[PDB]
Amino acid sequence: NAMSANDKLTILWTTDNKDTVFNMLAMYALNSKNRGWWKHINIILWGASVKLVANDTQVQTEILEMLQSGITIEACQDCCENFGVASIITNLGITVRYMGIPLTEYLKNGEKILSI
């Protein structure tokens, strides 16, 4: 059946704790992608994290490196619109879309999801 069933990691990134963002989340995602530990890595920006990414240039630098490595990053469009940052987030190369259906599907499909 499925040809990639154990090859994708999803991270639900809600935290705005910079220590955890830099030293756990970005470091593991980048190394995983670059070394082939995970063939596919998707990061969902939803919650306090959306404000952090919009406002913090050091975090933006990490976002750009992650995107360059082939990690996909999508942000909750409701959050982006409520916080007034959709243009900023889109301009970083992050996909902005309504996230309710996607998250539901990821969970229903039995994805491996680290909720940070």
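The first residue of the shown sequence is 1; numbering continues from there.
Enquirer: Which has the highest CA B-factor per the PDB entry: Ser49, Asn42, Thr90, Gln77?
Expert: That would be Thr90, according to the entry.
Enquirer: Going by the recorded CA B-factors, say which third of the chain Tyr106 sits in, lowest, middle or highest.
Expert: Tercile = lowest for this residue's CA B-factor.
Enquirer: If you rank the chain by CA B-factor, which third does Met99 end up in: lowest, middle or highest?
Expert: For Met99, whose C-alpha B-factor we compare with every modelled residue in the chain, the answer is the lowest third.
Enquirer: Compared with the other modelled residues in the chain, in which third is the CA B-factor of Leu67?
Expert: Middle third, going by the recorded CA B-factors of the chain.
Enquirer: Taking the chain's C-alpha temperature factors as the reference, tell me which third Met27 falls into: lowest, middle or highest.
Expert: Answer is middle: the recorded C-alpha B-factor places it there.
Enquirer: According to the PDB entry, is the CA B factor of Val85 in the bottom, middle or top third of its chain, that is, lowest, middle or highest?
Expert: Highest third of the chain for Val85's C-alpha B-factor.
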